[PDB]
Amino acid sequence: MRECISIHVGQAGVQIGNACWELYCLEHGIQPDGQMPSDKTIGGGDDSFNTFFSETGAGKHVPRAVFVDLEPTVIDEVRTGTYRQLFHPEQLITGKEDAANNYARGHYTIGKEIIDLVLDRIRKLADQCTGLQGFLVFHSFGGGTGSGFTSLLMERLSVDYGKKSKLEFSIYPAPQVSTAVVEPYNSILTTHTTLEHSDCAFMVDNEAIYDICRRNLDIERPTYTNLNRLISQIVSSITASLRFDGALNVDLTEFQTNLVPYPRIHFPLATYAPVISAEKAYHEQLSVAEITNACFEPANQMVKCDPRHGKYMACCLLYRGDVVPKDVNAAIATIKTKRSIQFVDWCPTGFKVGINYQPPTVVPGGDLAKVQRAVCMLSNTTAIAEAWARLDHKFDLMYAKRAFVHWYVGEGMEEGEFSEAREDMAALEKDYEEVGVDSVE
Amino acid sequence: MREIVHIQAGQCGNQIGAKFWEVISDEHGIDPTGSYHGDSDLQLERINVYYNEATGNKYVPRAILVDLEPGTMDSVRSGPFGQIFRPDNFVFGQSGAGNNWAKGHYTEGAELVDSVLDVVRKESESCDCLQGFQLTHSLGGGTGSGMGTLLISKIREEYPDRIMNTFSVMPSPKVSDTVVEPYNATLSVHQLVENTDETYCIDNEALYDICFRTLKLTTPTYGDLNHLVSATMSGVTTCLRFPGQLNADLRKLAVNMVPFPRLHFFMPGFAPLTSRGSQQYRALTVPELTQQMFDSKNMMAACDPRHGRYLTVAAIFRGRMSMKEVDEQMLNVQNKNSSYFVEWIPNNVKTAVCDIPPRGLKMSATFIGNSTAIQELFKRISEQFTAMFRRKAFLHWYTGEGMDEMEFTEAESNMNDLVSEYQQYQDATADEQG
Amino acid sequence: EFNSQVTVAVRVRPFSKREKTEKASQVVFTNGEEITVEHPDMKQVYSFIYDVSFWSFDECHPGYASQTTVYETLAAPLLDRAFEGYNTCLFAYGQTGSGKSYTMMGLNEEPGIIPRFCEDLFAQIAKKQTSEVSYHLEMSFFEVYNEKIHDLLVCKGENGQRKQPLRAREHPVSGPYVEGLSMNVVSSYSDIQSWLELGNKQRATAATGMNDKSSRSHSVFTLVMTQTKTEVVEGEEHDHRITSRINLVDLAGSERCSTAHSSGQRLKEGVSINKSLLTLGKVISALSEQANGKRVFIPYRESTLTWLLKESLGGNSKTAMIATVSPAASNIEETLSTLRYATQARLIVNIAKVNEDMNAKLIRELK
Ligand SMILES: CC(=O)O[C@H]1C(=O)[C@@]2(C)[C@H]([C@H](OC(=O)c3ccccc3)[C@]3(O)C[C@H](OC(=O)[C@H](O)[C@@H](NC(=O)c4ccccc4)c4ccccc4)C(C)=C1C3(C)C)[C@]1(OC(C)=O)CO[C@@H]1C[C@@H]2O
Ligand SMILES: Nc1nc2c(ncn2[C@@H]2O[C@H](COP(=O)(O)OP(=O)(O)OP(=O)(O)O)[C@@H](O)[C@H]2O)c(=O)[nH]1
Ligand SMILES: Nc1nc2c(ncn2[C@@H]2O[C@H](COP(=O)(O)OP(=O)(O)O)[C@@H](O)[C@H]2O)c(=O)[nH]1
Ligand SMILES: Nc1ncnc2c1ncn2[C@@H]1O[C@H](COP(=O)(O)OP(=O)(O)O)[C@@H](O)[C@H]1O
Ligand SMILES: [Mg+2]
Ligand SMILES: [Mg+2]
């Protein structure tokens with residue numbers, strides 16, 4: 001009835017997808033073989049929740065997703081691991097060669113030869129659906145596939161499907177930490193092509209979750225298995241009202257409206273406040289007021305950006321579990337009282353609320369605890385212009401000497417595409433200033 | 001699928017590569033018959049990168065052994081892992097190049113080169129998708145310098161969209177092992193600059209210091225030295241054979257290591273190397289490995305990076321590492337040692353992590369670095385070269401095989417321009433205001 | 001002591017069939033010397049000054065620069081200096097379908113610069129052909145295609161594939177040159193015209209989305225003129241010789257793969273053109289910064305084009321640039337890249353000298 005297609009692009013989308021479908025199975029009672037044993041004593045219901053899992057008459061449940069990397073190393077871990085009997089065998093690897101961290105290869109050489117094959121399985125999945133609400137693209141700024149192949153896809157998907165929510169959950173490059181020397185080019189050429197096609201892009205940064213895992217969860221040597229489970233919760237909260245009941249339900253078309261003032265500033269951030277271990281799970285009450293304030297603490301942001309250097313435009317608060325609206329209304333009045341959380345003049349009602357009853361589920365082997373409450377904040381702020389400005393400066397240092405361009409030019413790109421992108425990102429940087437000026441009369 | 005063809009030219013490469021298959025087979029569970037006697041199921045998943053399946057799950061490597069002397073090929077056959085190579089892939093002749101680059105390029109090598117292309121075209125066409133090539137040679141002689149550089153000139157024409165990696169033993173600064181090292185090392189650089197994408201520069205005097213200063217070895221043979229080179233050769237090609245959290249092919253490194261098409265000369269390294277006693281007194285962890293990798297006394301290139309600036313470096317990790325422990329540590333280098341890095345590349349470091357470590361170590365690491373301190377090696381040859389060519393000392397053995405003095409002057413000015421391309425970057429730069 | 005500045009000139013082309021089908025707007029306006037670009041969005045206006053500007057937008061409007069006008073304003077000075085004893089270079093630069101080949105070579109009934117140059121050269125020679133001065137003229141015409149060199153002035157043999165590539169080498173004094181190149185003698189305009197026809201027929205052309213006759217190769221026209229003169233000396237006369245190299249260069253365009261619908265050889269050759277322009281650009285950016293005190297190393301070895309033209313962009317030649325631009329609004333950023341590289345080429349300074357063919361010998365020490 002309500003059905004969402006998730007797309008996982010690259011070595012980062014997948015290892016987040018593996019972190020997601022691990023969780024989507026637990027909440028709904030599915031085993032890794034795709035079977036739902038408990039249904040035999042219900043004889044019905046909708047635990048075979050059609051938002052993510054499609055059911056066969058034999059009792060098996062297939063997830064609605066595409067997994068694409070242009071390399072076999074990451075997906076072949078699925079075909080051989082514990083979640084091999086769950087997915088359709090059509091997981092797409094023409095990855096005889098990778099993109100070499102090159103927007104040109106993911107967009108002009110090797111993004112071809114698989115893109116028509118990728119639209120086919122999506123065209124197949126959608127015809128199995130009735131209420132196609134939107135898409136969920138998991139990718140990473142910094143790669144060739146997650147930057148190039150995503151752009152090429154968001155273009156082609158904006159034609160075959162048109163006016164539907166295309167939500168991105170993207171790993172934004174950290175300011176200092178990085179694992180490549182070509183993230184700026186791949187991140188600036190991506191925004192230039194995705195801005196006219198996407199509808200809302202939720203950013204994350206690994207440099208921040210590393211810090212969150214240190215202070216709160218007391219993990220001093222974490223890895224990506226811990227990071228991606230936190231992301232599995234952000235998406236579960238977003239797509240919860242499409243699965244379970246609640247007091248205030250939130251469709252996908254509500255983030256597109258509340259959090260996008262103008263079509264070019266659709267770059268919000270994500271948080272998850274009650275990230276605490278089983279040790280700190282006691283000793284604390286974990287109220288809505290305890291949780292809601294923790295979503296506004298800059299040290300608990302999943303993107304390395306201080307909103308106190310900027311202003312808020314639209315905030316969306318998604319509540320889970322034993323939550324009562326009186327507890328929420330008292331909280332926002334506390335946040336609107338604090339003067340360090342500044343809102344623009346042209347948005348006095350800068351809050352969106354959603355309440356669902358199903359609490360979060362604890363994955364065995366994880367470091368997160370069991371809680372009766374969980375909250376996810378989605379915020380659009382003017383502070384993220386600082387990060388764009390860093391990225392445009394890095395670009396300028398290494399484009400003025402035409403460094404690394406012959407790798408891009410050698411795979412189908414023109415030198416003029418670099419200058420077009422930088423100016424577009426400069427306009428956006430300027431657009432983030434106009435919205436920060438208080439009007440006069 | 002990312003298949004690689006290995007080519008071994010000279011008494012050096014055929015002595016290195018012969019250990020390279022003693023090191024890879026132990027990692028994939030292959031015995032000296034080609035039979036599989038391993039433990040894990042990840043070995044056979046991507047064994048096709050280096051090996052081919054023959055009849056009964058016997059595995060034959062994609063090696064190519066070339067030389068102008070049959071003595072080296074007899075050592076392989078009459079050795080530990082001699083019975084696995086394809087006996088139709090041993091190409092050889094007699095009456096070797098005589099330390100003459102003129103013979104291995106024009107006169108003798110040109111007679112034997114088409115035989116080498118017969119093997120290459122058969123192994124490449126038999127491969128599903130070619131990632132690139134791999135050559136182990138020694139420039140300083142005539143076979144590896146001459147007959148190797150000639151093959152690269154030809155494969156680059158037939159396979160111009162594929163990687164051509166090269167592991168080259170360079171002339172050493174203090175003591176020579178061939179009187180005409182400069183003429184042969186020079187002319188090779190004139191060709192490698194135009195026809196390569198990654199050239200790993202090795203020097204034996206550094207390995208003599210590694211084996212003495214770190215490993216505390218008092219009698220290091222060439223087996224031990226080549227037991228170090230084979231390691232780095234395995235680290236570069238690890239993320240194609242085993243999985244991990246952040247994988248890196250050959251092209252992803254070069255795209256992240258070659259900022260301009262001519263600066264593809266690297267200073268490799270390996271960690272953690274230790275003596276057999278101090279092993280029980282160390283703690284294996286990333287901050288202990290990163291200190292060895294970035295140590296100037298763990299390089300194989302005989303060049304001090306502290307006399308220059310790292311344009312860009314890489315680090316390939318193998319084990320159940322923590323990524324926060326990795327990303328935190330690489331940042332500590334740039335912020336601490338910011339003078340040894342360039343300003344117009346904000347992050348001068350790439351990282352990669354595999355999940356399946358080496359046979360007996362819970363964690364290993366491989367290091368690749370592009371620095372302006374490689375200027376010192378080329379600037380030396382240019383001094384020795386012109387000192388000899390200005391008097392025309394040994395030139396009549398090169399002209400008598402069909403060469404001219406102009407071809408000696410071209411290679412001089414090219415190598416001198418590569419010096420200037422590295423020297424502009426080494427001096428600290430500054431914009432007007434920035 | 002001499003520091004000859006590079007003569008930059010610009011040529012605005014009229015609308016094309018594509019830019020008339022898509023009713024594209026005029027944004028490049030002129031007033032004479034200056035050229036301005038009013039963006040359609042009307043957020044900022046850029047303007048540039050050049051030594052010479054040409055406006056072929058309208059065949060009726062005053063200021064219309066024709067083939068004869070561009071010749072008499074750009075090439076005729078180069079001919080005067082070439083007779084004086086200087087080396088000369090004239091090279092085009094721009095995007096796909098912008099009027100580079102039309103400007104230099106021209107068509108049958110609309111000649112470009114090359115035929116007019118050779119014609120006026122032979123005319124002045126025939127008018128100054130005394131026993132005091134003799135003249136000897138050699139020509140070459142060659143091609144750069146996928147980083148390979150090719151001779152245009154040969155009648156290829158019949159085969160499945162007959163394009164024998166040549167090699168580039170570095171002579172310690174004369175600089176870079178091509179080994180195996182046909183240098184054909186010429187006595188008058190007819191042989192030049194025949195060789196030009198043969199070369200333009202052997203050159204690489206294809207049909208792409210932005211020009212049906214898109215040149216897929218860089219083209220260099222070299223003229224070596226040796227003029228011999230006398231001086232009354234202790235013995236026989238005919239003891240002075242002056243050599244001059246004239247290099248007329250028509251390059252290709254950047255060719256974005258999206259607009260220029262390209263797959264396979266067109267992509268391949270197009271990509272090669274893109275790598276040749278990136279290198280050339282980097283050499284024009286380093287030569288414009290080396291003329292402002294800052295020390296820089298020009299990368300000429302990263303492309304055969306810049307390697308052969310080492311002596312023209314820099315070194316010893318009086319050189320001139322013809323930037324070619326389109327006035328439509330759908331190509332603003334590419335036109336602006338052309339104009340910025342031209343304004344940087346304006347700052348280049350070379351050291352041009354007379355090729356008396358006598359330095360270090362006897363009259364150097366006379367001097
Ligand atoms: C703890 C213990 O019992 O002994 C260790 C040992 O002493 C050390 C020093 C080993 C030892 O290595 C050497 O002694 C050596 C000698 C000459 C040149 C280079 C090394 C060791 O032989 C090496 C061996 O490690 C391996 O075998 C790796 O798998 C290695 N394998 C081979 O190269 C190999 C060679 C011939 C036949 C079969 C395997 C390897 C290295 C790189 C990539 C893949 C595999 C190990 C743990 C040890 C001994 C055995 C002492 C070290 O090996 C390396 C290069 O990784 C040297 O430093 C490491 C650290 C180890 O602790
Ligand atoms: N959170 C998270 N981030 C990852 C993971 N793997 C890679 N990344 C991020 O991705 C960035 C690099 O891009 P990739 O993920 O490798 O993109 P890709 O799809 O592999 O593109 P290619 O490198 O061409 O194969 C790094 O900066 C990482 O921070 C992961 O498993 N989890
Ligand atoms: N590292 C290493 N280098 C070697 C070895 N054998 C030879 N070399 C080097 O190779 C060079 C000799 O050239 P070589 O190829 O053997 O000459 P050829 O026999 O005529 O082909 C010398 O400069 C040595 O430094 C070896 O076993 N290990
Ligand atoms: N001044 C002009 N007058 C009339 N037609 C022109 C003029 N300039 C260019 N053209 C037309 O535009 C096209 C130019 O293509 P060309 O110059 O060969 O492309 P490129 O410069 O990329 O090689 C020709 O077909 C020519 O007829
Ligand atoms: Mg990848
Ligand atoms: Mg043309």
# chains A, B, ... in the order shown; residues from 1 in each chain; ligands from 1

call {"tool": "residues_near_ligand", "arguments": {"ligand": "ligand 6", "cutoff": "10 Å", "atoms": "only C-alpha atoms and all ligand atoms", "output": "ChimeraX atom specification"}}
result
/C:92,94-106,203-205,211,213-219,250-253

call {"tool": "interface_residues", "arguments": {"of": "chain A", "to": "chain C", "cutoff": "9 Å", "atoms": "only C-alpha atoms", "output": "short mmCIF file (atom, residue, chain, number, x, y, z; two decimals) with N, CA and C atoms, in the first residue's frame"}}
result
data_model
loop_
_atom_site.label_atom_id
_atom_site.label_comp_id
_atom_site.auth_asym_id
_atom_site.auth_seq_id
_atom_site.Cartn_x
_atom_site.Cartn_y
_atom_site.Cartn_z
N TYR A 108 30.83 8.70 -17.14
CA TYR A 108 31.05 8.74 -18.58
C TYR A 108 31.62 7.46 -19.19
N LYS A 401 46.39 24.80 -10.39
CA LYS A 401 47.52 24.10 -10.98
C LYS A 401 47.09 22.93 -11.85
N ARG A 402 45.78 22.76 -12.06
CA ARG A 402 45.24 21.71 -12.93
C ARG A 402 45.72 20.33 -12.49
N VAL A 405 43.57 16.65 -13.19
CA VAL A 405 42.55 16.87 -14.21
C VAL A 405 42.71 15.89 -15.36
N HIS A 406 43.94 15.51 -15.69
CA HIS A 406 44.17 14.60 -16.81
C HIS A 406 43.60 13.22 -16.55
N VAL A 409 39.92 14.23 -17.51
CA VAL A 409 39.91 14.54 -18.96
C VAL A 409 40.16 13.25 -19.74
N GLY A 410 40.92 12.32 -19.19
CA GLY A 410 41.21 11.05 -19.82
C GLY A 410 40.11 10.03 -19.75
N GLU A 411 38.94 10.39 -19.20
CA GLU A 411 37.82 9.48 -19.06
C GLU A 411 36.52 10.08 -19.57
N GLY A 412 36.56 11.26 -20.20
CA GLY A 412 35.43 11.81 -20.92
C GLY A 412 35.00 13.19 -20.49
N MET A 413 35.75 13.86 -19.62
CA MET A 413 35.35 15.15 -19.06
C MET A 413 36.07 16.29 -19.77
N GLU A 414 35.44 17.46 -19.76
CA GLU A 414 36.00 18.69 -20.29
C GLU A 414 36.48 19.58 -19.16
N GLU A 415 37.47 20.41 -19.46
CA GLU A 415 38.02 21.32 -18.45
C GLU A 415 36.99 22.35 -18.01
N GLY A 416 36.03 22.68 -18.88
CA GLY A 416 35.04 23.68 -18.55
C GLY A 416 34.02 23.24 -17.52
N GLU A 417 33.93 21.93 -17.25
CA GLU A 417 32.97 21.46 -16.27
C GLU A 417 33.40 21.81 -14.85
N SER A 419 34.91 24.70 -13.94
CA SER A 419 34.58 26.10 -13.70
C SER A 419 33.08 26.30 -13.54
N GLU A 420 32.27 25.55 -14.29
CA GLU A 420 30.82 25.65 -14.15
C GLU A 420 30.38 25.24 -12.75
#

call {"tool": "residues_around", "arguments": {"residues": "segment 411-427 of chain B", "least_positions_apart": "3", "cutoff": "6 Å", "atoms": "only C-alpha atoms", "output": "ChimeraX atom specification"}}
result
/B:187,190,308-309,372,375,408

call {"tool": "residues_around", "arguments": {"residues": "segment 40-48 of chain A", "least_positions_apart": "5", "cutoff": "10 Å", "atoms": "only C-alpha atoms", "output": "PyMOL selection string"}}
result
chain A and resi 25+27-30+35+53-55+59-62+243-244

call {"tool": "residues_around", "arguments": {"residues": "residue 74 of chain A", "least_positions_apart": "4", "cutoff": "8 Å", "atoms": "only C-alpha atoms", "output": "VMD selection string"}}
result
(chain A and resid 11 14 to 15 69 78) or (chain B and resid 243)

call {"tool": "residues_around", "arguments": {"residues": "segment 331-346 of chain B", "least_positions_apart": "5", "cutoff": "7 Å", "atoms": "only C-alpha atoms", "output": "MDAnalysis selection string"}}
result
(chainID A and resid 177 394 397:398) or (chainID B and resid 306 308:311)

call {"tool": "atom_distance", "arguments": {"atom1": "atom CA of residue 26 of chain C", "atom2": "atom CA of residue 41 of chain C"}}
result
12.9 Å

call {"tool": "closest_atom_pairs", "arguments": {"of": "chain B", "to": "ligand 1", "cutoff": "9 Å", "atoms": "only C-alpha atoms and all ligand atoms", "output": "JSON lines"}}
result
{"residue": "B:19", "atom": "CA", "partner": "ligand 1", "partner_atom_place_in_ligand_line": "36 (C)", "distance": 7.2}
{"residue": "B:20", "atom": "CA", "partner": "ligand 1", "partner_atom_place_in_ligand_line": "33 (O)", "distance": 8.3}
{"residue": "B:21", "atom": "CA", "partner": "ligand 1", "partner_atom_place_in_ligand_line": "36 (C)", "distance": 8.8}
{"residue": "B:22", "atom": "CA", "partner": "ligand 1", "partner_atom_place_in_ligand_line": "37 (C)", "distance": 5.3}
{"residue": "B:23", "atom": "CA", "partner": "ligand 1", "partner_atom_place_in_ligand_line": "34 (C)", "distance": 4.6}
{"residue": "B:24", "atom": "CA", "partner": "ligand 1", "partner_atom_place_in_ligand_line": "44 (C)", "distance": 6.6}
{"residue": "B:25", "atom": "CA", "partner": "ligand 1", "partner_atom_place_in_ligand_line": "38 (C)", "distance": 7.9}
{"residue": "B:26", "atom": "CA", "partner": "ligand 1", "partner_atom_place_in_ligand_line": "38 (C)", "distance": 5.4}
{"residue": "B:27", "atom": "CA", "partner": "ligand 1", "partner_atom_place_in_ligand_line": "44 (C)", "distance": 6.5}
{"residue": "B:211", "atom": "CA", "partner": "ligand 1", "partner_atom_place_in_ligand_line": "18 (C)", "distance": 7.1}
{"residue": "B:215", "atom": "CA", "partner": "ligand 1", "partner_atom_place_in_ligand_line": "57 (C)", "distance": 7.1}
{"residue": "B:217", "atom": "CA", "partner": "ligand 1", "partner_atom_place_in_ligand_line": "17 (C)", "distance": 8.2}
{"residue": "B:220", "atom": "CA", "partner": "ligand 1", "partner_atom_place_in_ligand_line": "17 (C)", "distance": 7.7}
{"residue": "B:221", "atom": "CA", "partner": "ligand 1", "partner_atom_place_in_ligand_line": "17 (C)", "distance": 8.8}
{"residue": "B:223", "atom": "CA", "partner": "ligand 1", "partner_atom_place_in_ligand_line": "17 (C)", "distance": 7.5}
{"residue": "B:224", "atom": "CA", "partner": "ligand 1", "partner_atom_place_in_ligand_line": "17 (C)", "distance": 4.0}
{"residue": "B:225", "atom": "CA", "partner": "ligand 1", "partner_atom_place_in_ligand_line": "18 (C)", "distance": 5.9}
{"residue": "B:226", "atom": "CA", "partner": "ligand 1", "partner_atom_place_in_ligand_line": "18 (C)", "distance": 7.4}
{"residue": "B:227", "atom": "CA", "partner": "ligand 1", "partner_atom_place_in_ligand_line": "18 (C)", "distance": 4.8}
{"residue": "B:228", "atom": "CA", "partner": "ligand 1", "partner_atom_place_in_ligand_line": "19 (C)", "distance": 5.1}
{"residue": "B:229", "atom": "CA", "partner": "ligand 1", "partner_atom_place_in_ligand_line": "19 (C)", "distance": 8.9}
{"residue": "B:230", "atom": "CA", "partner": "ligand 1", "partner_atom_place_in_ligand_line": "42 (C)", "distance": 7.0}
{"residue": "B:231", "atom": "CA", "partner": "ligand 1", "partner_atom_place_in_ligand_line": "42 (C)", "distance": 4.1}
{"residue": "B:232", "atom": "CA", "partner": "ligand 1", "partner_atom_place_in_ligand_line": "42 (C)", "distance": 7.3}
{"residue": "B:233", "atom": "CA", "partner": "ligand 1", "partner_atom_place_in_ligand_line": "43 (C)", "distance": 8.4}
{"residue": "B:234", "atom": "CA", "partner": "ligand 1", "partner_atom_place_in_ligand_line": "43 (C)", "distance": 5.9}
{"residue": "B:235", "atom": "CA", "partner": "ligand 1", "partner_atom_place_in_ligand_line": "43 (C)", "distance": 7.0}
{"residue": "B:270", "atom": "CA", "partner": "ligand 1", "partner_atom_place_in_ligand_line": "55 (C)", "distance": 7.6}
{"residue": "B:271", "atom": "CA", "partner": "ligand 1", "partner_atom_place_in_ligand_line": "56 (O)", "distance": 7.3}
{"residue": "B:272", "atom": "CA", "partner": "ligand 1", "partner_atom_place_in_ligand_line": "58 (O)", "distance": 5.7}
{"residue": "B:273", "atom": "CA", "partner": "ligand 1", "partner_atom_place_in_ligand_line": "58 (O)", "distance": 3.4}
{"residue": "B:274", "atom": "CA", "partner": "ligand 1", "partner_atom_place_in_ligand_line": "9 (C)", "distance": 4.7}
{"residue": "B:275", "atom": "CA", "partner": "ligand 1", "partner_atom_place_in_ligand_line": "9 (C)", "distance": 5.4}
{"residue": "B:276", "atom": "CA", "partner": "ligand 1", "partner_atom_place_in_ligand_line": "7 (O)", "distance": 4.5}
{"residue": "B:277", "atom": "CA", "partner": "ligand 1", "partner_atom_place_in_ligand_line": "7 (O)", "distance": 7.8}
{"residue": "B:278", "atom": "CA", "partner": "ligand 1", "partner_atom_place_in_ligand_line": "9 (C)", "distance": 8.7}
{"residue": "B:279", "atom": "CA", "partner": "ligand 1", "partner_atom_place_in_ligand_line": "62 (O)", "distance": 5.8}
{"residue": "B:280", "atom": "CA", "partner": "ligand 1", "partner_atom_place_in_ligand_line": "1 (C)", "distance": 8.4}
{"residue": "B:357", "atom": "CA", "partner": "ligand 1", "partner_atom_place_in_ligand_line": "44 (C)", "distance": 8.1}
{"residue": "B:358", "atom": "CA", "partner": "ligand 1", "partner_atom_place_in_ligand_line": "29 (O)", "distance": 4.6}
{"residue": "B:359", "atom": "CA", "partner": "ligand 1", "partner_atom_place_in_ligand_line": "29 (O)", "distance": 3.7}
{"residue": "B:360", "atom": "CA", "partner": "ligand 1", "partner_atom_place_in_ligand_line": "47 (C)", "distance": 3.9}
{"residue": "B:361", "atom": "CA", "partner": "ligand 1", "partner_atom_place_in_ligand_line": "47 (C)", "distance": 5.1}
{"residue": "B:362", "atom": "CA", "partner": "ligand 1", "partner_atom_place_in_ligand_line": "47 (C)", "distance": 8.7}
{"residue": "B:364", "atom": "CA", "partner": "ligand 1", "partner_atom_place_in_ligand_line": "56 (O)", "distance": 7.2}

call {"tool": "closest_residue", "arguments": {"among": "C:34, C:170, C:51, C:179", "to": "chain B", "atoms": "only C-alpha atoms"}}
result
C:170

call {"tool": "interface_residues", "arguments": {"of": "chain A", "to": "chain B", "cutoff": "7 Å", "atoms": "only C-alpha atoms", "output": "number ranges by chain"}}
result
A: 73, 96-97, 100-101, 177-182, 210, 221-223, 394, 397-398, 403-404, 407

call {"tool": "write_last_selection", "arguments": {"atoms": "C-alpha atoms", "output": "PDB file, in the first residue's frame"}}
result
ATOM      1  CA  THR A  73      34.306  -7.275  -3.235  1.00  0.00           C
ATOM      2  CA  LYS A  96      35.214  -5.805 -13.595  1.00  0.00           C
ATOM      3  CA  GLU A  97      36.937  -2.494 -12.789  1.00  0.00           C
ATOM      4  CA  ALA A 100      39.329   4.752  -9.268  1.00  0.00           C
ATOM      5  CA  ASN A 101      37.744   7.641  -7.348  1.00  0.00           C
ATOM      6  CA  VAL A 177      39.728  13.456   8.150  1.00  0.00           C
ATOM      7  CA  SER A 178      39.709  11.900   4.689  1.00  0.00           C
ATOM      8  CA  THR A 179      40.810   8.778   2.829  1.00  0.00           C
ATOM      9  CA  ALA A 180      41.357  10.280  -0.630  1.00  0.00           C
ATOM     10  CA  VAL A 181      42.957  13.278  -2.327  1.00  0.00           C
ATOM     11  CA  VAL A 182      40.101  13.769  -4.808  1.00  0.00           C
ATOM     12  CA  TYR A 210      33.819   8.771  15.735  1.00  0.00           C
ATOM     13  CA  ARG A 221      38.545   1.937  18.844  1.00  0.00           C
ATOM     14  CA  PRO A 222      35.407   1.902  16.671  1.00  0.00           C
ATOM     15  CA  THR A 223      34.967   0.922  13.037  1.00  0.00           C
ATOM     16  CA  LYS A 394      40.405  23.113  -1.541  1.00  0.00           C
ATOM     17  CA  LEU A 397      44.171  25.324  -4.546  1.00  0.00           C
ATOM     18  CA  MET A 398      44.320  22.136  -6.613  1.00  0.00           C
ATOM     19  CA  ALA A 403      46.188  18.846 -10.633  1.00  0.00           C
ATOM     20  CA  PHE A 404      44.518  15.473 -11.256  1.00  0.00           C
ATOM     21  CA  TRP A 407      42.617  11.632 -15.009  1.00  0.00           C
TER      22      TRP A 407
END

call {"tool": "select_by_dssp", "arguments": {"residues": "segment 111-354 of chain A", "states": "strand (DSSP E)", "output": "VMD selection string"}}
result
chain A and resid 132 to 140 165 to 171 200 to 204 269 to 270 312 to 321 351 to 354

call {"tool": "interface_residues", "arguments": {"of": "chain C", "to": "chain B", "cutoff": "9 Å", "atoms": "only C-alpha atoms", "output": "VMD selection string"}}
result
chain C and resid 169 to 172 295 to 299 301 to 302

call {"tool": "atom_distance", "arguments": {"atom1": "atom 7 (C, counted along the ligand's line) of ligand 2", "atom2": "atom CA of residue 141 of chain A"}}
result
9.7 Å

call {"tool": "atom_distance", "arguments": {"atom1": "atom CA of residue 373 of chain A", "atom2": "atom CA of residue 13 of chain A"}}
result
26.9 Å
